[PDB]
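Asker: Sequence plus experimental coordinates follow:
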Amino acid sequence: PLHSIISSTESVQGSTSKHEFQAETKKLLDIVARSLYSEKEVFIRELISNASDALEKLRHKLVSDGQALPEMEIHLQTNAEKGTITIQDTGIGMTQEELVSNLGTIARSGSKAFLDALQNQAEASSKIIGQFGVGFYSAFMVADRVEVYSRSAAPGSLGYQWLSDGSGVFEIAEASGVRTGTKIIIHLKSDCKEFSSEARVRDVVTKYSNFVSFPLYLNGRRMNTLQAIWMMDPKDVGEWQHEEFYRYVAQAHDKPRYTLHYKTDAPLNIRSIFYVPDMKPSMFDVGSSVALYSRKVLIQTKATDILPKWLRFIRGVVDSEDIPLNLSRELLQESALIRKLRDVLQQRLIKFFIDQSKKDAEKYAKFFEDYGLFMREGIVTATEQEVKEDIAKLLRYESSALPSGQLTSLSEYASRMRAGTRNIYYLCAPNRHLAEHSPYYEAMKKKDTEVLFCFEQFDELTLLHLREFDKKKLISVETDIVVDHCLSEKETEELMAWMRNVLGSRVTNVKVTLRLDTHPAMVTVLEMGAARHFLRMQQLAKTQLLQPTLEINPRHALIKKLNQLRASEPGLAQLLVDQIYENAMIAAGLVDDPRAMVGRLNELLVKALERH
Amino acid sequence: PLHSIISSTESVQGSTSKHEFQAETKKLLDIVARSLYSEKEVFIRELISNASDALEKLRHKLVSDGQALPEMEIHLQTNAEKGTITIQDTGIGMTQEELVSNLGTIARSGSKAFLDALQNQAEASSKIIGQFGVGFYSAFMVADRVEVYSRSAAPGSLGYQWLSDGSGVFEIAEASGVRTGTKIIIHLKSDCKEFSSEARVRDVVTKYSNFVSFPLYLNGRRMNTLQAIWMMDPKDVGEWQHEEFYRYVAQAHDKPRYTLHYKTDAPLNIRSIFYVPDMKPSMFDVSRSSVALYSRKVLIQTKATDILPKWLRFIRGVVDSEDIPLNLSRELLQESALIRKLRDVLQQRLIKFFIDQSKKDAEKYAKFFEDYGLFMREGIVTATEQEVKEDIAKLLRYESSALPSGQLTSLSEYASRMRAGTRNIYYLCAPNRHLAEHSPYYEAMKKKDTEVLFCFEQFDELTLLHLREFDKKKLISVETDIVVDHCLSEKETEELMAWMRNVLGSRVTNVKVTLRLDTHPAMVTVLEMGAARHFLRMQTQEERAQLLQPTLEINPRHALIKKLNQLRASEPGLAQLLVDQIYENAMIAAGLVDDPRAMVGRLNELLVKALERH
Ligand SMILES: Nc1ncnc2c1ncn2[C@@H]1O[C@H](COP(=O)(O)OP(=O)(O)NP(=O)(O)O)[C@@H](O)[C@H]1O
Ligand SMILES: Nc1ncnc2c1ncn2[C@@H]1O[C@H](COP(=O)(O)OP(=O)(O)NP(=O)(O)O)[C@@H](O)[C@H]1O
Ligand SMILES: [K+]
Ligand SMILES: [K+]
Ligand SMILES: [Mg+2]
Ligand SMILES: [Mg+2]
């Protein structure tokens, strides 16, 4: 049954009254003080941002008036005796009306009003941080009573006072002896007395607001001691600062091997810089020091992964003034602009690596040898076909049709290949000597088609997952053999019948091949790539057999000896085939742990040499 | 640069005034509707929670006076052409005064006053969700006009109207014929018309508000059809209830091989359930903690806290509590102190439970250990505290030489029968039982009357070196202890020994003799065998052997070694091949070969000439 009661019988007949939305202050203050910020160390960051905004406002006003610029700086005082923290700046300052309209009203900020009266919003709107208006009340989260002493920068403004305990009541009075600017006095709570020490304050200042645009003083000394090189032009920063900055963000002692200075403004504002370490990636390498900034203050998201996961081996910093933020000044989760930011960064980073090989191929070879693991991971974990192909341009392989010791790409491979050819062949082997001596490649010697050699691990899996490059099918050499379209015939036929009976449980069928010269036998299976992966995966973990085919080579010297061995030592003949069968399995790559074949090997040896 | 402008010259001189804090409603509404919630689909959950709170208030009012209990229902309606969504409720209802006090004021909730004026906080304080007072204002985030009809259930209340354009100004009127309860009419935004589709709303409801304590309906039919079993006592839930509950949570139609119903209050109020799938794990299980946190019967959607450790990701269930502090965005305060202690308590509770399951049923635990054995091994290598290592080591089932084939034993029961004054435990690695028994290393320690453990699973040699201790006992591998511990004619032996230094000097640095072997012609002993095995696979014979120090020991009583003497001078060419085969065989037996594909060629040409005389 459809238990529905919705109707449209509601009737409106009276005269509608008009009211205005109200607001309750005590609950809002409690919410801000208790259940808004996860950490308790953000109030100093908010105060520093406010001081920077005030200093910027004063500088802009003086520039507009064209007067003499005085000294402007921010001072932090840490007094551990009374258990108090004090911050003082030299900004514009606020009069009684401004104090009442700003410090006494929730969700009200004068910075937005000032920006609305700029008529350009480009000269100073890129440096104002405050946008909500509830950042000051984070002081009550660690304080019980607050004192504010402010005097405006106007020639004739008097000092004032601002007393409040954070309980919905505040008072204002006129003061004397107050200098130009503002001075915030904070009385620390009982459980929050850790913030009255210099070490913790210095740590938080260095973590959050290290790159403030104005001098910052704590008990006399200055903490910034560094420039934000991601906001400066590339023509104004030297090569020496590019290394010192890298050693700071990466927390290392080496030099970077690459340096990208990206700066774009058309799709969205990006001011970023990236580095690649000289040293080889370690085990721990398998936010990745890509900390996100906004108006030169740390955001500390570390979870949204603004950079792709496979690109976790690079360091640097990213700045953007258009990213949306929570009320707690934290990054929004999976915003529309955030997804677009990740795509833009990935496209530029891949393009940068392509030009590096085009400029200096020798340097790129060393980079690919060390960091090549990360590129293979990206293709496997990708979900869009165009993403896989774009990343695949960075792969390097060496082919049989070229001298040993040089690497080729999948792009130029499609250029020198014949127009009649349409698919790409690849053979996997531990080395190149084994690859050319591999029995699978020996059958391909008849055709002149060019093949690529894959040596490193996961190359076979990476090629299988890609499955297509530039509309060209990727097919392995092993799969193309089963699909491909001395020992007279009479004496040959009975020899297989003696193997089918013995190896019936292992060798499902045996057929005579004519394309082998060196290896006595081969093992062929349809899904060779999957078999070489599934078998290695099962021994890798007990998670959620097959039918192999063996082909003998009549022209082989050992196979010729099998005719005269059965009629003389039938016992020795059985062990010999059990050794040839496992030898073929090892060459194919379907070999299990080889500890079990030692017993059959030593026993065969001690009986096969008792003739000398 | 010690120059500080900080001083204390400033002081108060004039009279002090007095002022009251104010607020800006428009900016507050903009913040709530634009920069508060990450995802735009939370308004349905908020309004459903409000309806549930109203129904709870009505239920308390109707049970307090001891009167009959009418029907409580939630009705969701959708209209594609109109682009409107309707959620009608039959709760207490609100008159003009409650409407203007609660709806018309930001951060004002009547539930908190109702909760505090309860005087008992026993039956209703645990089922009230709203505590902030800004939940209703999330409707403006998706709607261009909000229209609400409501009337109280009091004997004499009348219907009313409520309109708001989202511009900070609302309006109230009087209405007749309004059904008792609350009815919310929402007109959707132009770009937010995707919420007028039945499938998307069904997804939102089945994601956020599955376990509401009242029957809810969507377009006529019921969407709940399932009760929350973790709230009741374990005696009130049956096996068939568990199967359906495990089916929904884990999306698996099989039977849960394990079931735990944790209920603790001394550290903090916890009401959680757990499950273990019967099927075998796959990559989707291994690939990334599959447990959804709950609080007062509503989804919280943590997705980042990971309340359970990484190695315990193979279990499924839900976790509920009422003492978790969540911020204004209805999400947990990240890295909170109270959150950290929940992870450790839950981990150790499950550690004890798995120990218990072994006692009452060893066969069931043994089958369970084989299926998920990677997860316990994974936790040991990823743990930092030594105390936790012992808690996990009790869950490992190994096999020793004191029992026949196919009887697994634990470390604790292994260490209860070992020697008196020596703190040593012996473990050996082999793919099978036959290989372990015939391993040359085991044959070397057969002299002593000591017990040795045979572990057959992979990555187990790495676990025993990371654990490093078990109740103050040193873990020593069989291969390592051989080095630590301190026929053929002599003349023919030493000259035979001297040849290998001449022909294997590049690959062998020292050759010795062992008399304790009688079934293997070769043996390789290394100082740190366990470390070499795991470090070799992650990272041709010359540079490999340089970092392994492959000491070679040859049994002189083996028949193969004896025949090498009479083949020394008859054909030196074949002798160069057989000695290499012995060297290669020893490495294969020792398991220190990265890939045996290179040794096939040398072996293949040996057989073609070994029996050519036949
Ligand atoms: N040190 C200061 N000097 C001058 N004005 C200040 C100072 N600190 C705060 N204000 C004023 O306080 C008002 C709002 O304070 P605040 O709480 O910081 O909001 P906001 O910083 O503008 N926005 P946000 O910090 O992002 O929440 C504005 O009018 C500021 O000009
Ligand atoms: N449908 C409703 N029926 C009855 N009372 C309601 C209804 N919706 C809202 N109210 C009342 O109006 C108040 C304001 O709504 P709301 O913003 O959800 O507050 P809250 O839910 O208690 N706290 P929060 O968790 O932020 O939603 C509620 O606390 C209720 O007292
Ligand atoms: K303010
Ligand atoms: K409200
Ligand atoms: Mg600010
Ligand atoms: Mg609510």
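Answerer: Arrived safely. Numbering: from 1, shown residues only, chains lettered A, B, ... in the order given. Ligands and ions are numbered 1, 2, ... in the order given.
Asker: Show me which residues of the stretch 1-150 of chain A sit near ligand 3.
Answerer: Counting by Cβ under 5 Å from the ion, the residues of the stretch 1-150 of chain A close to ligand 3 are A:108, A:133. The way it works is simple: take the backbone N, C-alpha and C, and place the C-beta from them, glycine included.
Asker: again with chain A
Answerer: A:108, A:133.
Asker: Residue in the stretch 251-400 of chain A with the shortest distance to chain B?
Answerer: residue A:333 (3.9 Å; Cβ to the nearest Cβ).
Asker: List the contacts of that residue.
Answerer: For residue A:333, the contact set (Cβ atoms under 8 Å, 6 or more residues apart in numbering or on different chains) comprises A:304, B:38, B:39.
Asker: Can I get these in a markdown table including distance to ligand 5?
Answerer: Output for those, formatted as a markdown table (distance: Cβ to the ion, whole Å):
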| residue | distance to ligand 5 |
| --- | --- |
| A:304 | 23 |
| B:38 | 22 |
| B:39 | 26 |
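Asker: Just put the residues you listed in JSON lines and tack on secondary structure.
Answerer: Output for those, formatted as JSON lines (DSSP: H, G, I helix; E, B strand; the rest coil):
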{"residue": "A:304", "secondary structure": "coil"}
{"residue": "B:38", "secondary structure": "coil"}
{"residue": "B:39", "secondary structure": "coil"}
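Asker: and those residues near ligand 1, which?
Answerer: Among those, no residue sits close to ligand 1 (Cβ under 6 Å from any ligand atom).
Asker: Including distance to ligand 2, could those go into TSV?
Answerer: Below are those laid out as TSV (distance: Cβ to the nearest ligand atom, whole Å):
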residue	distance to ligand 2
A:304	25
B:38	16
B:39	16
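Asker: which of these lies closest to ligand 3?
Answerer: residue B:38 (24.5 Å; Cβ to the ion).
Asker: and the residue in the stretch 151-300 of chain A that chain B sits nearest to, how many neighbours does it have?
Answerer: Residue nearest to chain B within the stretch 151-300 of chain A: residue A:220 (3.3 Å; Cβ to the nearest Cβ). For residue A:220, the neighbour count with other Cβ atoms under 10 Å in any protein chain shown is 12.
Asker: Grab the nearest non-local neighbour of it.
Answerer: Closest residue in space to residue A:220, ignoring its immediate chain neighbours: residue B:2 at 3.3 Å, by Cβ to Cβ, 6 or more residues apart in numbering or on different chains.
Asker: in the sheet, who's paired with residue A:399?
Answerer: Using DSSP bridges, the beta-bridge partners of residue A:399 come out as residue A:452.
Asker: residues in contact with it?
Answerer: By Cβ under 8 Å, 6+ apart, the neighbours of residue A:399 are A:408, A:413, A:450, A:451, A:452, A:453.
Asker: Equivalent analysis for residue A:469, please.
Answerer: Residue A:469 makes contact with A:389, A:392, A:410, A:414, A:424 under the criterion Cβ under 8 Å, 6+ apart.
Asker: In this model residue A:410 seems to touch the second one, though I could be wrong.
Answerer: Yes: the pair residue A:392 and residue A:410 passes the contact test of Cβ atoms under 8 Å, sitting 6.0 Å apart.
Asker: Please list all residues in contact with residue A:562.
Answerer: A:495, A:573, A:576, A:577.
Asker: right, I mislabeled it, should have said residue A:588
Answerer: A:522, A:523, A:524, A:525, A:528, A:548.
Asker: Could you export the residues you listed as a markdown table, including neighbour count?
Answerer: A markdown table is the format used below for the contacts of residue A:588 (neighbours: other Cβ atoms under 10 Å in any protein chain shown):
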| residue | neighbour count |
| --- | --- |
| A:522 | 25 |
| A:523 | 24 |
| A:524 | 18 |
| A:525 | 19 |
| A:528 | 23 |
| A:548 | 20 |
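Asker: Can you give me the buried ones in stretch A:34-42?
Answerer: By 16 or more other Cβ atoms under 10 Å in any protein chain shown, the buried positions in stretch A:34-42 come out as A:35, A:36, A:37, A:38, A:41, A:42.
Asker: that older thread, could you pull up phi and psi at the residue nearest to residue A:220?
Answerer: phi -80, psi 80 (degrees, to the nearest 10).
Asker: Next, give me the two most distant ones among the buried residues of stretch A:34-42.
Answerer: Using Cβ to Cβ, these span at most 16.7 Å, a distance reached by A:35 and A:41.
Asker: follow-up on the earlier one: can you tell me which of the buried residues of stretch A:34-42 lies closest to ligand 6?
Answerer: Among the buried residues of stretch A:34-42, and counting by Cβ to the ion, the member closest to ligand 6 is residue A:35, at 14.7 Å.
Asker: Looking at the stretch 251-400 of chain A, which residue is nearest ligand 6?
Answerer: Residue nearest to ligand 6 within the stretch 251-400 of chain A (Cβ to the ion): residue A:327, separated by 17.5 Å.
Asker: give the contact list for that residue.
Answerer: When contacts are counted by Cβ under 8 Å, 6+ apart, residue A:327 touches A:36, A:132, A:134, B:31, B:35, B:36, B:328, B:329.
Asker: same thing with residue A:16?
Answerer: Here residue A:16 is in contact with B:161, B:163, B:171, B:172, B:173 (criterion: Cβ under 8 Å, 6+ apart).
Asker: Over to residue A:90?
Answerer: By Cβ under 8 Å, 6+ apart, the contact list for residue A:90 reads A:55, A:58, A:70, A:71, A:72, A:73, A:74, A:180, A:181, B:5.
Asker: Counting neighbours, what do you get for the third one?
Answerer: Okay, so that is residue A:70. 10.
Asker: swap in residue A:322?
Answerer: Here the number of neighbours of residue A:322 (other Cβ under 10 Å) works out to 10.
Asker: same question, residue A:489
Answerer: Residue A:489: 8 neighbours (other Cβ under 10 Å).
Asker: and what of residue A:9?
Answerer: Counted with other Cβ under 10 Å, the neighbours of residue A:9 add up to 8.
Asker: tell me which residues of stretch A:449-461 are tucked away?
Answerer: Applying 16+ other Cβ under 10 Å to stretch A:449-461 flags A:449, A:450, A:451, A:452, A:453, A:454, A:458, A:459, A:460, A:461 as buried.
Asker: Contact partners for the fifth one?
Answerer: What that stands for is residue A:453. For residue A:453, the contacting residues are A:397, A:398, A:399, A:400, A:426, A:427, A:428, A:429, A:432, A:435, by Cβ under 8 Å, 6+ apart.
Asker: could you flag which of these are buried?
Answerer: A:397, A:398, A:399, A:400, A:426, A:427, A:428, A:429, A:435.
Asker: was I right about the last one contacting residue A:442?
Answerer: Spelled out, it's residue A:435. No: counting by Cβ under 8 Å, residue A:442 is not a contact partner of residue A:435; they are 10.8 Å apart.
Asker: got a list of what residue A:589 touches?
Answerer: A:528, A:532, B:597.
Asker: Next, format the contacts of residue A:469 as JSON lines and append neighbour count.
Answerer: As requested, the contacts of residue A:469 are exported to JSON lines (neighbours: other Cβ under 10 Å):
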{"residue": "A:389", "neighbour count": "17"}
{"residue": "A:392", "neighbour count": "22"}
{"residue": "A:410", "neighbour count": "22"}
{"residue": "A:414", "neighbour count": "14"}
{"residue": "A:424", "neighbour count": "22"}
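Asker: re earlier: mind giving me the ChimeraX command for buried ones among the contacts of residue A:90?
Answerer: Buried members of the contacts of residue A:90, defined by 16+ other Cβ under 10 Å, are picked up in ChimeraX with:
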select /A:55,58,72,73,74,180,181
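Asker: and the two most separated of the contacts of residue A:90?
Answerer: The most widely separated members of those are A:58 and B:5, with 15.1 Å between them, by Cβ to Cβ.
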